[PDB]
Amino acid sequence: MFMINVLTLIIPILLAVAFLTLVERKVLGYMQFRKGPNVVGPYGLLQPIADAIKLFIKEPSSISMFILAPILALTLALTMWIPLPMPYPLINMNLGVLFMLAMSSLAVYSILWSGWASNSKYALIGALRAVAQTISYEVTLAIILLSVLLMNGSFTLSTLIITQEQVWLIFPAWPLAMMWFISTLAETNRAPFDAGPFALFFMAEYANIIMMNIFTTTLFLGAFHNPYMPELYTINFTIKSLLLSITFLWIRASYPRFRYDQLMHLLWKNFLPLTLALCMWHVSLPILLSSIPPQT
Amino acid sequence: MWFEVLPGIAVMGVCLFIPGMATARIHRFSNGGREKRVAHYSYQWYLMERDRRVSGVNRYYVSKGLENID
Amino acid sequence: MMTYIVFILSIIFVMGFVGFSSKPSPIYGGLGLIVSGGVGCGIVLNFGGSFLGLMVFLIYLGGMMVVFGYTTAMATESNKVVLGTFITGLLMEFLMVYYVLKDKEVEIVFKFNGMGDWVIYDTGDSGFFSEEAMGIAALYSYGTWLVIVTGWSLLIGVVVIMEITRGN
Amino acid sequence: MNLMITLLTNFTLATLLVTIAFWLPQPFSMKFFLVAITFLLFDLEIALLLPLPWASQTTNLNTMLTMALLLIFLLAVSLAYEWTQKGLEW
Amino acid sequence: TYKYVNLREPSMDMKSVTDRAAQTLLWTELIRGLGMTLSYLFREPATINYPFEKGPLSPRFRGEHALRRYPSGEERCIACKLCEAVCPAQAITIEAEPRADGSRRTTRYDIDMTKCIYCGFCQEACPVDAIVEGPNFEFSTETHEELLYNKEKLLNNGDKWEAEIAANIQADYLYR
Amino acid sequence: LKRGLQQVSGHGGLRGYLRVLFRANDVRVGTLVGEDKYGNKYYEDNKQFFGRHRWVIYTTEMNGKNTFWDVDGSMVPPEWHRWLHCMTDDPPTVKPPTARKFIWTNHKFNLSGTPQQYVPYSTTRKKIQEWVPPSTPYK
Amino acid sequence: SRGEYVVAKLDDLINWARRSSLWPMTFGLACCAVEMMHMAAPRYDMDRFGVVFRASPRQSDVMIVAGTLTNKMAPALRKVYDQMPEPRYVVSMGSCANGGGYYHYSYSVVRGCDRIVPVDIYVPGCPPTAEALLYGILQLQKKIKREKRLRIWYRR
Amino acid sequence: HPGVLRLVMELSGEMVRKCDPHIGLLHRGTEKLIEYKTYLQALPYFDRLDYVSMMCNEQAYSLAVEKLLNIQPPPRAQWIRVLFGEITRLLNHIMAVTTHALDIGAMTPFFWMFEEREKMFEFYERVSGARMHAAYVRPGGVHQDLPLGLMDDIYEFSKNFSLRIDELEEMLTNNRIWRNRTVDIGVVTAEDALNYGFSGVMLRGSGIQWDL
Ligand code: SF4
Ligand code: SF4
Ligand code: SF4
């Protein structure tokens, strides 16, 4: 039965990614001005299934490095929905947010290995700069994560989903949460913040995207947990994660890519004092409001 | 409008709904109707361990309550 | 599928250290060292094991080999000696495994009781606060001097790095 | 063995998907370097900082407050030193 | 008269600088751009289904390169070579024998659809309005053999419709 | 509230509604202008915007073809091709024909890459007419 | 002949999969590039078909030559064409590209892209109508409906 | 692809030393082909040397020939020529803005204004019939005048397009990030703008007042 838990965890995320591709193409069309895909298949679902099939059919380093980059990217994509408390998480990790950070770092490894095995100097310097702007935001992500769980005591994240029954945690740290959400945009490598098997590489990218969406929805807000009926909590949680993913599309389809030096200059000299000042305020302040959270 | 985008969004919303609901279904199914315990600390592990010891069936969910009194 | 999983993971650990001690191309070396750090983290997370290896998993395998691969890719870019030393190191591994298994004790200059050992281990004692996590939850009450000199050496490392890489 | 089995299933399904994906056909910049070492040092100071909420329940609150502000203040001072000394220009 | 742009500075009034700083620190006009593109999300999309609704045209569109003929009559071309004389890409090849019954005619009247730039100079120049651009644009030819028209291809192409070109010439005997 | 439920019955039944939407694309039925040879139907709405006034709906098996799927351009007769591009605002039921005896009534459609498509050849008789050597052999 | 029936339906499946997506790369030199980016406009979506513009030549499906191919261009053209995956299909758009056309009689014009790459679908026009280019993509998709690759591999 | 050009840049990294824009890739022999053809038969060469200015190049060639040939064209020809000149100017500026956007990133304003550009192509369809290369401006006044039922449609377009360009400035134009992308770069000294042969929008931007 535990193997059935495993398969229901790691198989339907692939269907989730494929239907995310159709949703982002459709909604970005309706943003832009486009019906479509609506011709191949009823309302475009056979179209992404055929996308994945056709990309599997085609007939395209150091086969060590050439295979060890996408195998690591996609095993990260599989392993990284382990402790997310869709009410009962699959493994009750006593500390999981540090696991989130560590596997972001492993994704950095995957991109660097594929860039090394690309073996062409323009792609090499491009992958190098992409590694630097992937690594340049795991500072801010870590420190904001630190300050938002300092309000809630423990790394366990189940205590977090307890503590967000009273208020949505977007209120008692809104600018901190906003800066974390911009750093999720940076870590997902999408607009504004910017060879094979592209199916695997693409797949790992979008699974990391939906991971950050779900982790945003769990880390900051949620619904009241019904005793002995978690279906309603799962419904409202999933709808909030989907509305944030549509909001993520909504930010995608409207802004140009930054210049790379503007990106770094913006990160250091604009996030990094402001994150530090907000984080020291969340250090010094719960000791001033007679409120330190109970690590159990 | 959105009149042709809610099919894909609805199907993908079911496809994201399914692992949590199936996991809760299996957590209730694989405990005799109870909830799985969560021992973060060694104290709750010892408490759970003596619980599965005194059930006799090597299965703690039975919990043999107020029946081995006298 | 058996008891001695600590000894098994330690064999994979020694395999990894040999696999980059044979001096390969340095990105093969980085791959082997990532595998070594992962199974060392698995070992310490198997000795309970709550926090500290996973803590350093961010740092040693999240903040070090990235910088090594970075500075290897922007510096520079099969042979019988490397493969020969790897096979002989594997052979010394095989011989030490054999002398652990089909003997009683192994001595390099010690005595090692040759059997897989969960011993010694805690006797299920009531912690309730996850001892090593509260150990790391020191340094901030009793740790006056230590974090002072540590942060001070961090600041001096900063100014040293930039000066050597052409301050200003 | 739960999470070891899950990890192994992730690895095996990923290798299955890679083998299906494979078998069916069948000079530099100095500014690059300072980003890495700047990350390395600030990530080390992260590694010092982040077990703070485990610690946040002591009886010597004033000492914890003072050394915590010492740590973040030194992090911001190292940032301020490279900021004044044009440490990340382009 | 010159009405030039950006001769103005952000004035140093305290409300001006705190509104610009709120624009900076709170991303406000960015969110205004978000609201703009959502206002175009909720519109009705301006697409057309192609294979069931073909796009609009004019009566004066330039198409197909057909030869016409008289009302139940002979070939309206005479082989007077004007269409080669003004064809800029020179895709028109004309060779003109007179036929058996004394009247002057052709042998060979060829267009290269590869070469034709579709101006209708031959349309403006044919003195009897024989060669006329058609309405439709559907060739999509798999071969480079087929895109060299001959006289019987052009006459069958003129056989494939007249009532279209009848309505077009009835719409364009007045302007052209 | 109303349009998404009075449309299947407004199409005639769930046989056709499955047919019309799974066919290719669209469900904007209802105006019933005409139909013409090789079965095809022609509708003109007066409710939506320009370019979505008019549409053909093709039929199957019109030249030994089984064209339920993969509909072509120019399966259409030419008078509806005048109608459909909005070269006129008037249907071709006013005066379609002409009394000329050379127009196809068959409309041999797009045919490239079939057993039947056009090939080029020089439509000219003999060029130089060589001297034929004689019949009776000397010596 | 259950094997042959499986071969028929499986060939149907992979031919449907090949014709379904077809994301191209736009080569696009002159004003026919403007016409391609006008048949990606709202009034003619390639994205109704799943046909998505993409500048990645390592995953391109159909190469659309469009514009005035020159001698100075042509080695770069076939260097692009070589590092394209073996399922490749070629649309020659425009009278410049399907036979030289208006700049036929000059130096530095290859007389159509037949001399460089093999061509599947010629579509004429100077410029072609966007609507006509979409029709040309439809007739290419009917060619992809007519492949019988798996039948030929079954009885080769 | 990032037009189509050879760029040969030489740089210290994330930076520059000097570059060479190599062009000649799209060379077609237009001047030679006009040297063998006549005036009317080569007016399309001027129509498609530049392809965006599908009427302004026509107007320039026709005024070259009319200036050489002593012909003052009639007034309604002049007004129709000026109307189409301003329309093609509108289309050329809107392409410049939108391909600047699609170069920079910035997906959606490209498609808004290409809906607009499809409508103006439809007006060229009704006037000449050609999609883009409406040659149509014969030397000696414009042949084949505009048909009945057009000017009020241009009037309707004018109202709706003034709204759509207000909405385009709402989208772009004092955005934080587009300003952040391109303000600092591309300064041109107006004295050097005169001497380096910069003409048109460059003289608009750098200082000195000029308009033909
Ligand atoms: S101009 Fe007309 S009549 Fe003269 S040769 Fe050409 S098609 Fe024939
Ligand atoms: S339309 Fe132009 S290129 Fe074509 S045949 Fe006529 S004159 Fe020649
Ligand atoms: S065929 Fe005509 S429209 Fe196309 S690139 Fe050539 S000149 Fe331009």
# chains A, B, ... in the order shown; residues from 1 in each chain; ligands from 1
$ interface_residues --of "chain H" --to "chain A" --cutoff "10 Å" --atoms "only C-alpha atoms" --output "list in words"
residues 13, 14, 101, 102, 103, 104, 105, 106, 107, 108, 109, 110, 111, 112, 115, 171, 172, 175, 177, 178, 180, 181 and 182 of chain H
$ write_last_selection --atoms "C-alpha atoms" --output "mmCIF file, in the first residue's frame"
data_model
loop_
_atom_site.group_PDB
_atom_site.id
_atom_site.type_symbol
_atom_site.label_atom_id
_atom_site.label_comp_id
_atom_site.auth_asym_id
_atom_site.auth_seq_id
_atom_site.Cartn_x
_atom_site.Cartn_y
_atom_site.Cartn_z
ATOM 1 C CA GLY H 13 33.565 40.029 -20.985
ATOM 2 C CA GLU H 14 30.014 41.211 -20.150
ATOM 3 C CA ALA H 101 9.592 44.977 -27.699
ATOM 4 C CA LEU H 102 9.914 41.449 -29.119
ATOM 5 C CA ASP H 103 13.661 41.948 -29.219
ATOM 6 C CA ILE H 104 13.720 43.078 -25.598
ATOM 7 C CA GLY H 105 11.334 40.379 -24.357
ATOM 8 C CA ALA H 106 7.905 41.909 -23.787
ATOM 9 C CA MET H 107 5.556 39.562 -25.595
ATOM 10 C CA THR H 108 1.988 40.938 -25.469
ATOM 11 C CA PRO H 109 2.155 44.515 -26.965
ATOM 12 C CA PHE H 110 3.513 42.978 -30.169
ATOM 13 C CA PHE H 111 0.303 41.046 -30.589
ATOM 14 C CA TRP H 112 -1.996 43.931 -29.673
ATOM 15 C CA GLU H 115 -4.009 43.124 -34.594
ATOM 16 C CA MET H 171 1.387 49.273 -20.932
ATOM 17 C CA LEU H 172 4.902 50.471 -21.767
ATOM 18 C CA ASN H 175 7.290 51.265 -16.717
ATOM 19 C CA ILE H 177 11.743 47.983 -15.806
ATOM 20 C CA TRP H 178 11.656 49.252 -19.389
ATOM 21 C CA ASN H 180 15.564 50.487 -16.167
ATOM 22 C CA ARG H 181 16.487 48.530 -19.297
ATOM 23 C CA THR H 182 16.982 51.444 -21.701
#
$ select_by_dssp --residues "chain D" --states "alpha helix (DSSP H)" --output "short mmCIF file (atom, residue, chain, number, x, y, z; two decimals) with N, CA, C and O atoms, in the first residue's frame"
data_model
loop_
_atom_site.label_atom_id
_atom_site.label_comp_id
_atom_site.auth_asym_id
_atom_site.auth_seq_id
_atom_site.Cartn_x
_atom_site.Cartn_y
_atom_site.Cartn_z
N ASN D 2 11.33 3.66 4.44
CA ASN D 2 10.27 4.36 3.71
C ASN D 2 10.87 5.33 2.71
O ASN D 2 10.72 5.16 1.50
N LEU D 3 11.62 6.32 3.20
CA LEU D 3 12.14 7.31 2.29
C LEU D 3 13.29 6.78 1.44
O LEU D 3 13.51 7.30 0.35
N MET D 4 13.98 5.74 1.90
CA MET D 4 14.96 5.09 1.03
C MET D 4 14.27 4.41 -0.15
O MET D 4 14.74 4.52 -1.29
N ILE D 5 13.15 3.74 0.11
CA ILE D 5 12.37 3.13 -0.97
C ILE D 5 11.81 4.19 -1.91
O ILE D 5 11.86 4.02 -3.13
N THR D 6 11.33 5.32 -1.36
CA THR D 6 10.79 6.37 -2.23
C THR D 6 11.88 6.98 -3.10
O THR D 6 11.67 7.17 -4.31
N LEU D 7 13.03 7.27 -2.50
CA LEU D 7 14.19 7.77 -3.23
C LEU D 7 14.62 6.81 -4.33
O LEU D 7 14.89 7.23 -5.47
N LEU D 8 14.62 5.51 -4.03
CA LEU D 8 15.01 4.53 -5.03
C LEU D 8 13.98 4.43 -6.14
O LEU D 8 14.34 4.25 -7.30
N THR D 9 12.69 4.59 -5.81
CA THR D 9 11.67 4.58 -6.85
C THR D 9 11.77 5.79 -7.75
O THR D 9 11.53 5.69 -8.95
N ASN D 10 12.10 6.95 -7.17
CA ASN D 10 12.32 8.14 -7.98
C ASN D 10 13.48 7.93 -8.93
O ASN D 10 13.38 8.25 -10.12
N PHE D 11 14.56 7.33 -8.43
CA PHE D 11 15.72 7.05 -9.27
C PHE D 11 15.40 6.05 -10.37
O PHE D 11 15.77 6.26 -11.53
N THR D 12 14.66 4.98 -10.04
CA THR D 12 14.37 3.95 -11.03
C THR D 12 13.40 4.45 -12.09
O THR D 12 13.57 4.13 -13.28
N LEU D 13 12.39 5.22 -11.70
CA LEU D 13 11.46 5.75 -12.70
C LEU D 13 12.14 6.79 -13.56
O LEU D 13 11.85 6.87 -14.77
N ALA D 14 13.04 7.58 -12.98
CA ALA D 14 13.77 8.54 -13.79
C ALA D 14 14.70 7.83 -14.78
O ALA D 14 14.81 8.25 -15.93
N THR D 15 15.35 6.74 -14.35
CA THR D 15 16.20 5.99 -15.28
C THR D 15 15.38 5.29 -16.35
O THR D 15 15.83 5.18 -17.49
N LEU D 16 14.20 4.79 -15.99
CA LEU D 16 13.30 4.21 -16.97
C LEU D 16 12.91 5.25 -18.01
O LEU D 16 12.94 4.97 -19.21
N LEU D 17 12.63 6.47 -17.56
CA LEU D 17 12.23 7.52 -18.49
C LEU D 17 13.40 7.97 -19.36
O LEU D 17 13.22 8.24 -20.55
N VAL D 18 14.61 7.99 -18.80
CA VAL D 18 15.79 8.33 -19.59
C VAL D 18 16.09 7.24 -20.62
O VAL D 18 16.41 7.54 -21.78
N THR D 19 15.96 5.97 -20.24
CA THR D 19 16.23 4.89 -21.18
C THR D 19 15.18 4.82 -22.29
O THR D 19 15.51 4.43 -23.41
N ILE D 20 13.94 5.18 -21.99
CA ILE D 20 12.96 5.31 -23.07
C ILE D 20 13.30 6.51 -23.94
O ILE D 20 13.16 6.46 -25.17
N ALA D 21 13.80 7.58 -23.33
CA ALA D 21 14.17 8.77 -24.09
C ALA D 21 15.41 8.56 -24.95
O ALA D 21 15.60 9.30 -25.92
N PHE D 22 16.25 7.60 -24.61
CA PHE D 22 17.49 7.36 -25.34
C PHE D 22 17.41 6.20 -26.31
O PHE D 22 17.96 6.28 -27.41
N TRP D 23 16.75 5.12 -25.92
CA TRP D 23 16.84 3.87 -26.66
C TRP D 23 16.01 3.89 -27.94
O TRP D 23 16.40 3.25 -28.92
N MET D 30 36.99 38.33 -14.17
CA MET D 30 37.20 38.38 -12.74
C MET D 30 35.89 38.60 -12.00
O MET D 30 35.72 38.09 -10.88
N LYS D 31 34.95 39.32 -12.61
CA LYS D 31 33.66 39.60 -11.99
C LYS D 31 32.82 38.34 -11.81
O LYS D 31 31.94 38.34 -10.94
N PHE D 32 33.06 37.30 -12.60
CA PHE D 32 32.40 36.02 -12.36
C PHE D 32 32.85 35.43 -11.04
O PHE D 32 32.05 34.82 -10.31
N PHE D 33 34.12 35.61 -10.71
CA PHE D 33 34.69 34.91 -9.56
C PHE D 33 34.23 35.50 -8.24
O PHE D 33 34.06 34.76 -7.27
N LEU D 34 34.01 36.81 -8.19
CA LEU D 34 33.68 37.44 -6.92
C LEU D 34 32.25 37.13 -6.49
O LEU D 34 31.94 37.17 -5.30
N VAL D 35 31.39 36.80 -7.46
CA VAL D 35 30.03 36.37 -7.16
C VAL D 35 30.04 35.07 -6.37
O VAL D 35 29.33 34.93 -5.37
N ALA D 36 30.90 34.13 -6.77
CA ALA D 36 30.96 32.83 -6.11
C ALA D 36 31.49 32.95 -4.69
O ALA D 36 30.93 32.35 -3.77
N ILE D 37 32.54 33.74 -4.49
CA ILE D 37 33.13 33.79 -3.16
C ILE D 37 32.29 34.66 -2.26
O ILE D 37 32.20 34.40 -1.04
N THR D 38 31.63 35.67 -2.83
CA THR D 38 30.67 36.46 -2.07
C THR D 38 29.52 35.59 -1.60
O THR D 38 29.13 35.65 -0.43
N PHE D 39 29.01 34.73 -2.49
CA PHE D 39 28.00 33.76 -2.08
C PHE D 39 28.52 32.83 -1.01
O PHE D 39 27.77 32.47 -0.10
N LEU D 40 29.76 32.37 -1.14
CA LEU D 40 30.29 31.38 -0.22
C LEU D 40 30.38 31.96 1.19
O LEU D 40 29.94 31.32 2.15
N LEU D 41 30.84 33.20 1.31
CA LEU D 41 30.98 33.78 2.63
C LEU D 41 29.62 34.14 3.23
O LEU D 41 29.37 33.87 4.42
N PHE D 42 28.71 34.70 2.42
CA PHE D 42 27.40 34.99 2.98
C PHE D 42 26.60 33.73 3.25
O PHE D 42 25.79 33.71 4.18
N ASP D 43 26.86 32.65 2.52
CA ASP D 43 26.21 31.38 2.80
C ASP D 43 26.75 30.76 4.07
O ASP D 43 26.01 30.09 4.80
N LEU D 44 28.03 30.97 4.37
CA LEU D 44 28.55 30.54 5.66
C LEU D 44 27.90 31.32 6.80
O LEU D 44 27.57 30.75 7.85
N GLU D 45 27.70 32.62 6.60
CA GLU D 45 27.05 33.38 7.67
C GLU D 45 25.58 33.00 7.79
O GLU D 45 25.03 33.02 8.90
N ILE D 46 24.96 32.58 6.69
CA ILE D 46 23.64 31.93 6.73
C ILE D 46 23.70 30.68 7.60
O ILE D 46 22.83 30.44 8.44
N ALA D 47 24.75 29.87 7.41
CA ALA D 47 24.89 28.62 8.15
C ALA D 47 25.05 28.85 9.63
O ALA D 47 24.64 28.02 10.45
N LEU D 48 25.64 29.98 10.01
CA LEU D 48 25.65 30.33 11.42
C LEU D 48 24.26 30.77 11.88
O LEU D 48 23.80 30.33 12.94
N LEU D 49 23.59 31.61 11.09
CA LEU D 49 22.34 32.25 11.53
C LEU D 49 21.20 31.25 11.72
O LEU D 49 20.56 31.24 12.77
N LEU D 52 18.99 29.75 14.71
CA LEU D 52 18.44 30.70 15.68
C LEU D 52 17.05 30.34 16.24
O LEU D 52 16.87 30.47 17.46
N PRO D 53 16.04 29.92 15.45
CA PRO D 53 14.74 29.66 16.07
C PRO D 53 14.69 28.44 16.96
O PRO D 53 13.80 28.37 17.81
N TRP D 54 15.60 27.48 16.80
CA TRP D 54 15.75 26.44 17.80
C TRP D 54 16.25 27.02 19.11
O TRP D 54 15.90 26.53 20.19
N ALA D 55 17.08 28.05 19.03
CA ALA D 55 17.70 28.63 20.20
C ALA D 55 16.81 29.62 20.91
O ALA D 55 16.98 29.83 22.11
N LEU D 61 17.95 35.99 27.61
CA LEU D 61 17.41 36.56 26.38
C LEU D 61 18.25 37.72 25.89
O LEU D 61 18.39 37.92 24.68
N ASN D 62 18.82 38.50 26.82
CA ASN D 62 19.61 39.67 26.45
C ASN D 62 20.88 39.28 25.70
O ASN D 62 21.24 39.94 24.72
N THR D 63 21.53 38.20 26.12
CA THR D 63 22.74 37.74 25.46
C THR D 63 22.44 37.23 24.06
O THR D 63 23.19 37.51 23.11
N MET D 64 21.35 36.48 23.91
CA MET D 64 20.96 35.95 22.61
C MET D 64 20.58 37.07 21.67
O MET D 64 20.95 37.05 20.49
N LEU D 65 19.86 38.06 22.19
CA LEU D 65 19.51 39.25 21.42
C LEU D 65 20.77 39.97 20.94
O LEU D 65 20.89 40.30 19.75
N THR D 66 21.74 40.14 21.83
CA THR D 66 22.93 40.92 21.49
C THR D 66 23.81 40.20 20.48
O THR D 66 24.26 40.80 19.50
N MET D 67 24.04 38.90 20.67
CA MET D 67 24.87 38.18 19.72
C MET D 67 24.16 37.92 18.40
O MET D 67 24.82 37.86 17.35
N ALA D 68 22.83 37.80 18.40
CA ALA D 68 22.10 37.69 17.15
C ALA D 68 22.21 38.97 16.33
O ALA D 68 22.47 38.92 15.12
N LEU D 69 22.03 40.12 16.99
CA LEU D 69 22.22 41.39 16.30
C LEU D 69 23.67 41.58 15.88
O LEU D 69 23.92 42.19 14.84
N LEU D 70 24.62 41.03 16.65
CA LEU D 70 26.02 41.04 16.24
C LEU D 70 26.22 40.29 14.93
O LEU D 70 26.92 40.78 14.04
N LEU D 71 25.60 39.12 14.80
CA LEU D 71 25.78 38.32 13.60
C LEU D 71 25.19 39.00 12.37
O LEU D 71 25.87 39.12 11.33
N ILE D 72 23.95 39.48 12.47
CA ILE D 72 23.36 40.13 11.30
C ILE D 72 24.04 41.46 11.01
O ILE D 72 24.15 41.87 9.84
N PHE D 73 24.52 42.15 12.04
CA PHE D 73 25.18 43.42 11.82
C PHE D 73 26.51 43.22 11.15
O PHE D 73 26.90 44.02 10.30
N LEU D 74 27.22 42.14 11.48
CA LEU D 74 28.46 41.87 10.79
C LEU D 74 28.21 41.45 9.35
O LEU D 74 29.02 41.77 8.47
N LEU D 75 27.12 40.72 9.10
CA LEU D 75 26.79 40.37 7.73
C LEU D 75 26.52 41.62 6.90
O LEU D 75 27.07 41.78 5.79
N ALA D 76 25.75 42.55 7.46
CA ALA D 76 25.48 43.80 6.76
C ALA D 76 26.72 44.67 6.67
O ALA D 76 26.85 45.44 5.72
N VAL D 77 27.65 44.56 7.61
CA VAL D 77 28.88 45.35 7.54
C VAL D 77 29.80 44.81 6.46
O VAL D 77 30.45 45.59 5.75
N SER D 78 29.86 43.49 6.28
CA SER D 78 30.65 42.94 5.18
C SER D 78 30.07 43.33 3.83
O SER D 78 30.81 43.70 2.90
N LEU D 79 28.73 43.29 3.73
CA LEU D 79 28.05 43.85 2.57
C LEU D 79 28.38 45.32 2.38
O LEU D 79 28.64 45.76 1.26
N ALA D 80 28.42 46.08 3.47
CA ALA D 80 28.71 47.50 3.39
C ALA D 80 30.14 47.75 2.98
O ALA D 80 30.42 48.72 2.26
N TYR D 81 31.06 46.88 3.39
CA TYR D 81 32.45 47.05 3.00
C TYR D 81 32.63 46.81 1.51
O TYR D 81 33.30 47.60 0.83
N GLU D 82 32.04 45.74 0.98
CA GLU D 82 32.18 45.55 -0.46
C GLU D 82 31.35 46.56 -1.24
O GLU D 82 31.66 46.84 -2.40
N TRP D 83 30.31 47.12 -0.62
CA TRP D 83 29.49 48.14 -1.25
C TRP D 83 30.28 49.43 -1.41
O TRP D 83 30.27 50.05 -2.48
N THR D 84 30.95 49.86 -0.35
CA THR D 84 31.76 51.07 -0.43
C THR D 84 33.01 50.84 -1.26
O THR D 84 33.49 51.76 -1.92
#
$ residues_near_ligand --ligand "ligand 2" --cutoff "9 Å" --atoms "only C-alpha atoms and all ligand atoms" --output "PyMOL selection string"
(chain E and resi 62-63+65+83-92+111-113+115-125+131-133) or (chain G and resi 101-102) or (chain H and resi 41)
$ interface_residues --of "chain B" --to "chain A" --cutoff "12 Å" --atoms "only C-alpha atoms" --output "PyMOL selection string"
chain B and resi 1-31+33-44
$ interface_residues --of "chain D" --to "chain H" --cutoff "8 Å" --atoms "only C-alpha atoms" --output "VMD selection string"
chain D and resid 28 to 29 90
$ write_last_selection --atoms "N, CA, C and O atoms" --output "short mmCIF file (atom, residue, chain, number, x, y, z; two decimals), in the first residue's frame"
data_model
loop_
_atom_site.label_atom_id
_atom_site.label_comp_id
_atom_site.auth_asym_id
_atom_site.auth_seq_id
_atom_site.Cartn_x
_atom_site.Cartn_y
_atom_site.Cartn_z
N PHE D 28 38.24 34.54 -19.33
CA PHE D 28 37.20 34.52 -18.31
C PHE D 28 36.90 35.96 -17.91
O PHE D 28 37.31 36.90 -18.59
N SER D 29 36.17 36.12 -16.82
CA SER D 29 36.01 37.41 -16.18
C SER D 29 36.34 37.30 -14.70
O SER D 29 36.01 36.30 -14.06
N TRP D 90 30.32 46.21 -12.59
CA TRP D 90 30.16 45.44 -13.81
C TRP D 90 30.72 46.17 -15.03
O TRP D 90 30.94 47.38 -14.99
#
$ residues_around --residues "region 94-96 of chain G" --least-positions-apart "5" --cutoff "8 Å" --atoms "only C-alpha atoms" --output "VMD selection string"
(chain E and resid 113 to 117) or (chain G and resid 32 66 to 69 101 to 104 112 123 to 128)
$ write_last_selection --atoms "C-alpha atoms" --output "compact mmCIF listing (two decimals), in the first residue's frame"
# COMPACT_ATOMS: atom_id res chain seq x y z
CA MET E 113 4.37 30.88 -60.54
CA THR E 114 7.81 30.65 -59.00
CA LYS E 115 8.79 33.85 -60.78
CA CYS E 116 5.54 35.88 -60.84
CA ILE E 117 5.49 38.74 -58.34
CA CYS G 32 8.16 37.03 -45.95
CA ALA G 66 11.19 32.53 -46.45
CA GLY G 67 13.02 35.45 -48.02
CA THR G 68 15.75 36.06 -50.55
CA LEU G 69 18.34 33.34 -50.11
CA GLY G 101 11.57 34.79 -58.52
CA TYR G 102 11.97 38.51 -58.82
CA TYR G 103 15.69 38.61 -58.11
CA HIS G 104 16.21 35.63 -60.38
CA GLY G 112 15.27 28.99 -55.19
CA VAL G 123 3.83 27.84 -51.25
CA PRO G 124 3.87 30.78 -53.68
CA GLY G 125 3.07 34.45 -53.27
CA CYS G 126 5.04 37.70 -53.10
CA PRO G 127 4.07 37.99 -50.29
CA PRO G 128 1.84 35.03 -49.76
